[PDB]
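In C-alpha cells, one chain follows: the form deposited in one PDB entry.
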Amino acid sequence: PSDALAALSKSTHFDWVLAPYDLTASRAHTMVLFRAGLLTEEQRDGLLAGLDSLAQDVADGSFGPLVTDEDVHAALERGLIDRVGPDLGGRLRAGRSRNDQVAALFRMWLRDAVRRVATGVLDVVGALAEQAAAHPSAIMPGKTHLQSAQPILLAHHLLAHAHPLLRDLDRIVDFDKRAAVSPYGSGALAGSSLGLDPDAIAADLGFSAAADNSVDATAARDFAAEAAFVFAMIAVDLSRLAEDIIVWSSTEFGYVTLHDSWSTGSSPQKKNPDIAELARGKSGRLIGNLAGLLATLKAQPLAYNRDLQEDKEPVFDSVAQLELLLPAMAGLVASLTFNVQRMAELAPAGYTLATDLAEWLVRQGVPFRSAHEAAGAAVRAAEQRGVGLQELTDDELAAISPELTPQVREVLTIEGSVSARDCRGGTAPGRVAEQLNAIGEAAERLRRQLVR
C-alpha cells in the first residue's frame, strides 16, 4: 500500500468503537466453527481465552490500534495473533468476510445506540411533562404564524412537543425490528461452503433472525439510512422546541427566564439560550448526515462496495450529537422558569377571544360567516375604545347584532375560553390531564417494547 492509499483506507479512528462487538462476535464465531467440527476443543478454548484476554486489554485501553492498522478488524487480529499463535489466530476468519462482519457489528452498535438515544428522548418528554404538570392553569396566547390566535394552556403548548418525540420513539421501535437481522454467515456475498449455522450465531449475538439473502445482507444499508432518518426527525423536533424557547427567552416576549447553569453569557450582561440554539443549528447538521448517506447509498451496484464504509461516520456523528443534545435540552427545559403573569396578560391581547364570540353566535343559531362578521365589528368597537370585548356596552353589543346579548359576556374571558374546549385534543385542563396520563403510558409502553 502507498502513503496516500493507507491514509484514505485507514478507518481505525472512527471504527475502534466497534472493537468490543467484534470480539463478542468473534467469540460466538469460534463456537460456530467448533460446532461445525472445524476446531478441536483446545483450539476452541485457545481462541476463547485469547479473545477474553483481548477484550480485557481493550476495555482498559491496554490494546489499541497501531498506525499500521487499516481497520478495527485487522488490528484485533494483530492482537489475537499476538496472544495465541498466528496459526490458531488465523483459523478464525474461516467462513466469514470483512463484509458480513462489519455490517453485523454496525448493527449491534446501532441497536444499542438507538436505545441510548431513546433514553434521552424520554428525558426530554419527562421534562416537558413535568413542566406541563407544574403549570396546570397558566394561560398564554396560542400562536399560529407567531401571531396571537387563541388562548391556550401553557401545558397544552408544552405537551405538543412531547407528542412528536414519542412518535420518534415509536419509530425507533419500528427501526429496531429491521435492525435485528444478522448477516453473520454470508461471508463475502454468497455464503460459505463450510458448514456454519447462521441462525445459531444470530441467536448468540442477540438478533431475531438471520438474513434470507447473503447478497442482500452484505450490500444493503437501508437500516442505516432509516436510523439516519430517525435521528434527523428527532433533531428537527428538538429544533421546533428550541425555536419556542429562544423566542420565549427574548426580552420582548419575556415568557421564560433562563437559569444560569443552563445559559451562557458574553465576552457583557447577557443570558443567552445557547443549548436551544445549538439544538437548532445541529438539526441542520443531522439533516446533512441523512441526505449525504442516501446520496452515498444511491446507484450502488450489488453487492458490497467500499463506498459502503461511508455508512458509519454519518450515523456515528448523528448519534453523538443527540447524546449531547437530549440531556441538555431536558435540563434546559427542566430549568425554565415561566413568567405566568406575563403570559396571561398577553393571552387576550390582539382580541384572541374574538372567535369565542363568533362561536357563541353559532350556538344561538347565527351562520358562521355572519358571526365571524359580527365578531369583527366588535373587535373594532373595542379596539377604538381601548377596551376588552367583555367591556362593550349592551347597546353597542346590540348594534353589532340583535342576537348579541349581555349573556355573551359570560364567555369572553380567557379562563372560560380555555375551558369550553373540552373535546379530545382540546386545551381544557381536564383533557390536558388525560393527555398527560396517556403520555405517561405511551412512554412506558414504548420503553418496554424496546427492552422486549
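We call the rigid core whatever largest set of C-alpha positions still superposes within 1.5 Å between the two forms. A residue's number is simply how far along the shown sequence it sits, counting from 1.
- Annotation: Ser267 belongs to the positions left without coordinates in at least a third of the other compared entries, with flanking residues modelled.
- Per the record, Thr144 and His145 follow each other directly, and no deposited residue is missing between them.
- On average the C-alpha atoms of 400-408 have higher B-factors than those of the other stretch, with 24-32 and 400-408 being the two compared.
- The stretch 85-93 shows the higher mean C-alpha B-factor when 85-93 is compared against 187-195 in the entry.
- Ranked by C-alpha B-factor against the other modelled residues of its chain, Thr355 falls in the middle third.
- Ranked by C-alpha B-factor against the other modelled residues of its chain, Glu243 falls in the lowest third.
- Among all modelled residues in its chain, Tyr255 ranks in the lowest third by Cα B-factor.
- In the PDB entry, a CA B factor belonging to the highest third of its chain's modelled residues is recorded for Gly265.
- Per the deposited record, the Cα B-factor of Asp100 falls in the middle third when ranked against the other modelled residues of its chain.
In what follows, reference is made to the form deposited in another entry, a form of this protein that is not presented.
- Once the rigid core is used as the reference frame, the Cα position of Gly386 differs between this form and the one not shown by 2 Å or more.
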